[PDB]
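Spelled out, the chains give:
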Amino acid sequence: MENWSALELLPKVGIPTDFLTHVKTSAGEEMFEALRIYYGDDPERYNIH
Amino acid sequence: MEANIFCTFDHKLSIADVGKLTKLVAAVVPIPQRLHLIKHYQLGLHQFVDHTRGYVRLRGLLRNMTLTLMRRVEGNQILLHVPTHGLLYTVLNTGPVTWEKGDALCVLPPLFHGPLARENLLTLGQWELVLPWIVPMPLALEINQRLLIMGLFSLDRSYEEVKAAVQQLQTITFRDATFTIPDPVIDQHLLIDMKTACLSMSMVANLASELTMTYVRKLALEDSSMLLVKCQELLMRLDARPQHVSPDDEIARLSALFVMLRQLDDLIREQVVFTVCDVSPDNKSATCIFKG
Amino acid sequence: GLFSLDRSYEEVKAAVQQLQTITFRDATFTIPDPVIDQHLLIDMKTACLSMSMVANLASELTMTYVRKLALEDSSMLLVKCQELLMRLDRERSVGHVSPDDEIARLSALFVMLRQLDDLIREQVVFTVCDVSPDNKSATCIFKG
Amino acid sequence: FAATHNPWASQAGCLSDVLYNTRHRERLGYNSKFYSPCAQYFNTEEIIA
Amino acid sequence: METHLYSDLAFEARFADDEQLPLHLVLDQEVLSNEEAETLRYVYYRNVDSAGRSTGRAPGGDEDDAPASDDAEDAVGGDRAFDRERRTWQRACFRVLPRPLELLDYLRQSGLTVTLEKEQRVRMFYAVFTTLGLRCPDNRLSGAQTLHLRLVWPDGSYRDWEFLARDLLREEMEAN
Amino acid sequence: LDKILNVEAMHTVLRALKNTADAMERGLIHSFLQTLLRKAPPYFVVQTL
Amino acid sequence: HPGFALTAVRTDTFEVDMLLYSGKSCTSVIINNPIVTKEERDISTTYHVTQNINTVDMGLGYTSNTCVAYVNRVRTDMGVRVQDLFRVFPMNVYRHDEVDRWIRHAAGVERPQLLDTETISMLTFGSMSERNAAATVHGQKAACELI
Amino acid sequence: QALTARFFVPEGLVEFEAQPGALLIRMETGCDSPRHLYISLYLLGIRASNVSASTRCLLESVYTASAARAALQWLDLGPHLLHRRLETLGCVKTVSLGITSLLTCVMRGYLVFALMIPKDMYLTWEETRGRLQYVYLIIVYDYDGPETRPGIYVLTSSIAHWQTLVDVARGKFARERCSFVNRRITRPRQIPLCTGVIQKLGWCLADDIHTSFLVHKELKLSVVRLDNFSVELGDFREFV
Amino acid sequence: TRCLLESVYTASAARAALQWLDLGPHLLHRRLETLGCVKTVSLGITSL
Amino acid sequence: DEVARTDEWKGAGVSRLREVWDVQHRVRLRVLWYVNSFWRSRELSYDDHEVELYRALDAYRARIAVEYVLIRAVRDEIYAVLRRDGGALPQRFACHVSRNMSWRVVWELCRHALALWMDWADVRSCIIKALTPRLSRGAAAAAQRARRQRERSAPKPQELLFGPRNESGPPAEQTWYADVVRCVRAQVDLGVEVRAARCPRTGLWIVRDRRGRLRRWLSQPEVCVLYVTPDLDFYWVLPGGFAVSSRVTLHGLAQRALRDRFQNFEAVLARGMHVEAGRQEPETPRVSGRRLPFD
């Protein structure tokens, strides 16, 4: 399992992009190698070790 | 009231274990003693699970215990929150069972599932963390009912006849899933439950009124429909003006029949622990009201 | 609902006419019939027939299961229960099973009692401690 | 929406499955070098995978 | 104690259909050891016709009467014959009292007002209560009938011995 | 480190508010379009009229 | 030929890209400042925000026309598979048991096997009388009814 | 916090109940003018079969008022059923005496607030003191005699899940259950409802249970006491 | 250990070698020769 | 108002008590008679005509006959095959042999052992244990599977290359039940259980206890020992590993009596034992008096 909290906390580069199909379909249809999806707000990012 | 429970890990907390436990935040775990401070051994069912002995014993031991929610963790410290009756809380689905909007939940010991490759959580030394199953009402009621059916049917029969019936009974299909009861061995607790069931069944057989006895016969003579055809097909092996009609005696007799059926129902219906609001679309988490 | 099928006889008519009304602390009501146009609705039909079915199935199943369970450590409850069943058999009778049919019978008994859980449990939702000539209004504690 | 258009070719135990399916064919004398044209239409194990 | 009453009522129930009359037994240290009396699991009984038969088999005769074949495949009609043999055995209720007691004092501490022909004291280091049936094809009961009593323990070991109905009924039936 | 976490929390609030504003504007235009289609009769009837 | 003829009616669904034409200022929208209310659970808090718009019809007659434009593709197979009245009317049964069983067998339809709360609910209140088919390349089944 | 409630009750019922910490029950009545009447747990002791002879003599001596005697006549008039007619209000602590007395009750709260129980009525299934204890009010019906006089108990236990408590109650009360079956067979024209009824009202710490004596009109009673108590009412649930 | 090795090596090519080992009259001694020790992998339908 | 049967039952009580022995006078037990029993009200009749009694005892003799006649059939097979071979015994059990020994004395000891074993024949002997698993339901299916499996063509290379692995064959470790008799002091052992295997160097048998230790008696001059296989094959051994071979001709008995006397009785579920077949049973129920009974 990758360190998703590192992805969330660290700064990012802003790139406008659009998937060929709808974004939710590309995640649901398993096209990516690994995924982490949450609805609402997961407080896990605020806990660091 | 002890509105908070602190638990301390004696073993070292490697980064992987603490991250894994951080993903479990706001899940459900049971605690026996309700005491303010508890060691890490009692957190979970691993201290009490034993495949050699009854699943009925584990069911009773689980239903007796208290329920708690999870909170975020820190070095050697894990915090548990006891819910208060009537308030609103967030819970995560521990098992693979699907959850739906607007139906109740019950707590039950874990069940065997298709792959049998259950994920292991916090395997600290010879100790392990195992969570109970939070199950919606139909599946839990069905499985408890079918366990009682196993106990009542299997008694005083050879293993050969029992062998087909247990393979028919043990498998439960619920909302596109499949489940199997781990170890349905008869136990003294099941015998006490069966004794109560037999007493209540005989009492309702006795004190039922004449109209209730003869109702389905009269209607099967009168009408004909798929439901009645099925009922007759069940009763086929077993198969005028009433001379007395008495509204007051009928009322009292039906009240006795209701107390009997109310008692017989209690043998099956596990106590509710959660009632749900609408669920996240990934079926992993839900917001629920807690009941005691 | 039980009387619904025998509604032609005069005694049944008088009994159901008496049963229509309820009196309670200076108020008197008439509870409308579950029957309409001489027939019974499907929902009341299935409730009533489920209750009759569970009673009937219990009647036959009880003898076999009291005999089977009593093969273990018998007790006073079992013997008096069996005597009650014997009395029932004596007064009624004036004038083996296939294992799959057996398991079907138990499943049917429990599934018939199981849907009755909707109506039998009269769950409480409110308790009240206040009253006024404003009786239209009251203050209550929420339950259920 | 009929059950089948070829009773001797569709069923699991019929001729065209036992003869053509590469996993079933291995139960009999089978030179693997020949590319059977209909091999890809009867490898039920591969198709299920 | 309750086993005798329950079994009497149950045999009253079943008599109209299979015509077995009940017999009540008590066993002591002359029968079985304390260890095996403490771990008793099953008791079984069977009735035999005078010429030699069983309750479950067809009275006239059966294919089982044929000589054993000693073949490799089916030694003795395996499944069907074993089913018949388990069919002919019948089970009865039992209760065991592991504490030592004397019969008359225990019965008087219970509701039974025992008044024997003489107040013969009997001391049993451990007692098991059991009721058995012996069948009469009609209301004619033959003294030459033999009765079987089987006891079963969890490990599969068993012990059994046979009685003559004329000994059990030697004077009780003679009065009637 | 705590200042990093504080900045993250403030930016989470900002993201939520801006995303909710975009959501509300999209909802307004969506409801307007819904009403406009509930009024509009098909082509052939208005051409006849 | 049974001695009577049947005419079937069938429903087919299409997915299309509609276009509509509107007149300038042909309808007005009245909007507020969005009002927010607060809800507070154990681990998380949620705010609800609403903006109750209302619209007025700013034109006599019709000020908005729409024409269904483009056929993307058909979802229904346009097949002729027949609707099972046994599924539509599961409650009804023939009076004699054996003839009912034989009709149900010969027609290629299956009666329910055992009593269960799902079967009771299906008979009494109505539910999904038939499961999904094993597979479908030819779209959604075209429900054919016959007079 | 606490949910206060207010009742009126006539003087005849009050004098022994007037000790601040008491438990109160509401009873229905068929008589039209006293539609409802309020009875404390002590007054149930005069009829409870569990209460010993001396305590019954004391209770008979105290509650001699005409209104109280009429209340007991209404209670005894009930044919083999009381829970259909009794409803639980909760614990009380305030009283003002007079020709018509005023007292307040709390139906949910934990704001001294000790709850008092008579020593005759108290039992425990376990001698080991569990740290957390629930307390319940139960009514049990005897059936071996000519006619049914009821039994009354208030008990503390560490069991919370209902079915386990019903299991242990069945285990200890097997005689009463057999008596109920005997009543059903011996008088077939009569149909009793239950063997006993469980009702839940309790949340307290086990280290705060006391034994004490109580006095009224220089008459002396022995009682058991729950000190740091909280009240939570529940439904009258019937068991067999 | 033999059962474990038999389960792990159940690929098609392995069993052919096992057939060839005992399908001939000669003992293992004349059939085999040693090549020392192997130290890299490059997987595929044929591996290096 | 009427009382239940239970109360009038308990009031009426019992008044008689008799002691009865079994047929063999092995065990004595008592019987109780209740005055209120329905058995009294039925008014059935009773008689014991002597011919029925004689038939009953003759049938009982035929019932106890089942095992002794089987022992005697074993005797008849031993003597018949000894005559047929004409006094030649091939070696069958692996042990060394000495030439310069007075073989006449060990032959006489074999005679004495044969005489002594037969006098102590009992239902406890080996052959009853050998038939014990043969009668059960699993035995027929196992024999069918074994005959089908052993009567099989060598797999083609096709089957060996693909699909299932070589299908498991029978194990070398066999289970035998045995009688051993010692002549130096006249005493016998009749209920022995023993492990057996075939020696790899030479096809003779090796005998071992269930603990794995190699067994010693085969060397001792004063002992002759008896073996029977789980497929009812028969061996008698005298010192020096020289054996006599026959099959137990059990066809002298009717199947009815043979099944009536003994079988490995199959169980039915009771409190504590698993509903799934073959699971490990929990601690025994054991309603006990050493302890205060649980309630």
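The rules behind these values
Residues numbered from 1 in each chain as written, not as in the entry; some residues may be left out. Chains lettered and ligands numbered in written order. Part of a larger assembly, values for the part shown. Heavy atoms only, no water. Helix = DSSP H or I, 4+ residues; strand = E, 2+ residues; numbered from the N terminus. Rg over C-alpha atoms; globule rule 2.2 N^0.38 Å. Buried < 20%, exposed > 50% of the residue type's maximum accessible area, 1.4 Å probe, protein only. Areas by Shrake-Rupley, 256 points an atom, 1.4 Å probe, with all protein chains shown as cover. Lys, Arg positive; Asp, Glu negative; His and termini not counted. Charge placed at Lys NZ, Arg CZ, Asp CG, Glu CD. Contact = heavy atoms within 4.5 Å. Buried area = accessible area lost by both parts, 1.4 Å probe. Salt bridge = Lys/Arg side-chain N within 4 Å of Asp/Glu carboxyl O. Polar contact = N/O pair within 3.5 Å; in protein donor to acceptor, adjacent residues only side chain to side chain. Axes fitted to C-alpha atoms, helices over the stretch in contact; angles between N-to-C directions. Parallel < 35°, antiparallel > 145°, perpendicular 65-115°, else oblique. Left-handed = near helix turned anticlockwise from the far one by under 90°. Nonpolar A, V, L, I, M, F, W, Y, C, P; charged D, E, K, R; others polar. Pairing = 2+ DSSP bridges. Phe/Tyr/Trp six-rings, centres within 6.5 Å; stacked < 30°, edge-to-face > 60°. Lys NZ or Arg CZ within 6 Å of the ring centre and 35° of its normal. Patch = residues over 30% accessible without salt bridge, like charges linked within 9 Å, V, L, I, M, F, W, Y side chains within 5 Å. Core = buried A, V, L, I, M, F, W, Y, C linked by side-chain atoms within 4.5 Å. Arc of directions from axis to C-beta.

In terms of determination method and resolution, the entry is listed under cryo-EM at 3.50 Å.

Caption draft 1: A look at the overall build of chain H. Along chain H, the regular secondary structure elements total 5 helices and 16 strands. Its C-alpha atoms give chain H a radius of gyration of 18 Å, within 12% of the compact-globule value 18 Å for 240 residues. Projected onto its principal axes, the C-alpha coordinates of chain H cover approximately 50 × 45 × 35 Å. The buried share among the 240 residues of chain H stands at 57%. When the accessible surface of chain H is totalled, it reaches about 10,600 Å², and 53% of it is carbon and sulfur. Treating the 27 positive side-chain charges of chain H as one cloud and the 23 negative ones as another, the clouds have centres 4 Å apart.

Caption draft 2: Quick look at the interface of chain B and chain A. If you look at the interface, chain B gives 7 residues, while chain A gives 6 residues. Interface area for chain B against chain A, summed over the two sides, is near 700 Å², with a carbon-plus-sulfur share of 62%. Our enumeration of links across chain B and chain A arrives at 1 salt bridge. The partner of B:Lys23 in a salt bridge is A:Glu44, and the shortest N-O contact between them spans 2.9 Å. Here chain B and chain A share 2 residue pairs in polar contact between them.

Caption draft 3: Expanded view of the pattern of salt bridges. Evaluated as defined, the whole model comprises 102 salt bridges over all chains. Here J:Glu281 ties to E:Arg41 by a salt bridge, and the two come within 3.3 Å at their closest N and O atoms. Of this pair, J:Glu281 sits in the segment after α8 (255-261) while E:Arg41 is found in the loop between α2 (34-38) and β2 (42-48), placing the two residues in two different chains. Taking relative accessible area as the criterion, E:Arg41 reaches 10% and is therefore assigned buried. A salt bridge links J:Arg137 to J:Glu266; its shortest N-O distance comes to 2.9 Å. You can see J:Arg137 sitting in helix α6 (residues 137-150) and its partner J:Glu266 sitting in the segment after α8, a full 129 residues away along the chain. Beyond isolated ion pairs, a larger network of salt bridges with shared partners links A:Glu8, A:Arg36, A:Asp41, A:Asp42, A:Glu44, A:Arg45, B:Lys23, F:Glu8 and F:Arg15.

Caption draft 4: Main features of the environment of H:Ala2. Residues and elements named next belong to chain H. Note on placement: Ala 2 falls in the segment before β1 (4-10). Residues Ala 2 and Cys 105 lie 103 residues apart in sequence; the distance between their C-alpha atoms is 9.7 Å. The residues contacting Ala 2, other than those within four sequence positions of it, are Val 106, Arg 108, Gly 109 and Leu 111.

Caption draft 5: Geometry of the packing of helix α3 (residues 50-85) of chain J against helix α4 (residues 103-119) of chain J. All names here are of chain J. Remark: α3 packs on α4, axes separated minimally by 11 Å, with the N-to-C direction vectors making an angle of 165 degrees. The orientation of α3 with respect to α4, classified from their angle, is roughly antiparallel. The hand of the α3/α4 crossing is left-handed. Across the interface between the two elements, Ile 71, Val 74, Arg 75, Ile 78 and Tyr 79 of α3 pack against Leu 114, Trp 117 and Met 118 of α4. Classifying every residue of the contact of α3 with α4 by side-chain character gives 7 nonpolar, no polar and 1 charged.

Caption draft 6: Representation of the interface of chain J and chain E in the model. Taken residue by residue, the interface counts 79 residues in chain J and 94 residues in chain E. Together, the buried faces of chain J and chain E total about 8,800 Å²; carbon and sulfur atoms form 56% of this surface. Summed over the shared surface of chain J and chain E, the result is 17 salt bridges. Where J:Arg256 meets E:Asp65, a salt bridge forms, and the shortest distance between an N and an O atom there is 2.6 Å. Inspection of the region where chain J meets chain E yields 44 residue pairs in polar contact.

Caption draft 7: Representation of the sheet that holds strand β11 (residues 177-180) of chain B within the structure. Residues and elements named next belong to chain B. Sheet architecture is open: 3 strands sit in the order β8-β11-β10, paired in antiparallel fashion. Because the sheet does not close on itself, it has two edges, and the strands there are β8 (112-113) and β10 (171-174). Pairing of β10 with β11, which is carried by 4 bridges, proceeds in the antiparallel orientation. Within β11, the residue paired with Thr 173 across the bridge is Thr 178.

Caption draft 8: Just the packing of aromatic side chains, in detail. Enumeration according to the criterion identifies 26 aromatic pairs over all chains in this entry. When the ring of H:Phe16 is compared with that of H:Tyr42, the centres are 5.7 Å apart and the planes differ by 65 degrees; the resulting orientation is edge-to-face. Taken together, the residues span a long stretch of sequence, with H:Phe16 in the loop between β1 and β2 (22-28) and H:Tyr42 in helix α1 (residues 41-44) at a distance of 26 residues. Taken as a pair, H:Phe16 and H:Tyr42 share a single burial class, namely buried. Aromatic ring contacts, followed pair by pair, group J:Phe93, J:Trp176, J:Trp205, J:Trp217, J:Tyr227 and J:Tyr235 into a single cluster. Taking NZ or CZ as reference, E:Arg46 lies 4.0 Å from the ring centre of E:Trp89, over its face. One residue, E:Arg150, lies across the ring of E:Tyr158, its end atom 3.9 Å from the ring centre.

Caption draft 9: Region of the structure containing a nonpolar patch on the surface. On the surface, F:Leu33, F:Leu37, G:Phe14, G:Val16, G:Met18, G:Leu20, G:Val68, G:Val71, G:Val74 and G:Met78 cluster together to form a nonpolar patch covering roughly 830 Å² of accessible area. For the nonpolar patch, the secondary-structure elements that each account for two or more residues are α1 (2-39) of chain F together with β2 (14-22) and β7 (64-74) of chain G. The residue G:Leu20 is located in strand β2 in this model.

Caption draft 10: Inspection of the arrangement of the chains at higher detail. Here 18 pairs of chains are in contact, and chains E and J lead that list by number of contacts. Nowhere do chain E and chain I come into contact; their C-alpha atoms are at least 32 Å apart.

Caption draft 11: Structural context of the nonpolar core. Within the largest apolar cluster, 206 residues are counted, with the highest numbers of intra-cluster contacts made by C:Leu109 and H:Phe7. The greatest single-element share of this core, amounting to 13 residues, is contributed by helix α2 (residues 42-70) of chain C. Apart from the residues lying within four places of it in its own chain, the contact partners of H:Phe7 are H:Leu24, H:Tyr38, H:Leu89, H:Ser101, H:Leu102, H:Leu103, H:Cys105 and H:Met107.

Caption draft 12: Representation of helix α3 (residues 78-88) of chain E in the model. All names here are of chain E. For α3, every residue scored as buried is listed here: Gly 78, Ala 81, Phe 82, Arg 84, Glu 85 and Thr 88. Along α3, the residues classed as buried sweep out an arc of 155 degrees about the axis, all on the same side. Opposite the buried face of α3, by more than 90 degrees, sit the exposed residues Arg 80 and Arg 87.

Caption draft 13: Local environment of unusual backbone geometry. Backbone geometry at H:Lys217 places phi at a positive 55 degrees, although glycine is not the residue there. Turning to its location among the elements, H:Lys217 is positioned in the loop between β13 (209-216) and β14 (219-226). A residue is classified by how much of its surface remains accessible, and H:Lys217, at 61% relative accessible area, is exposed. Despite not being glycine, J:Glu43 has its phi angle at roughly 60 degrees, a positive value. Note that J:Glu43 resides in the loop between α2 (38-42) and β3 (45-47).

Caption draft 14: Quick look at the sheet that holds strand β7 (residues 104-108) of chain B. Residue and element names in this part refer to chain B. On the basis of which strands lie adjacent, the open sheet formed by 5 strands has the order β6-β13-β12-β7-β9 and antiparallel pairing. The open sheet terminates on both sides in strands that have one partner only, identified here as β6 (88-92) and β9 (133-136). Here the strands of the sheet are splayed against their neighbours by 45 degrees on average, with no regard to which way each runs. Bridge analysis of β6 against strand β13 (residues 285-290) gives 5 bridges, and the strand direction is antiparallel.

Caption draft 15: Spatial organisation of the side chain of E:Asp18. All names here are of chain E. Structurally, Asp 18 can be placed in helix α1 (residues 2-18). The exposure class of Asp 18 is buried, given its relative accessible area of 18%. Side-chain polar atoms of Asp 18 contact the side chain of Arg 14, separated by 2.6 Å.

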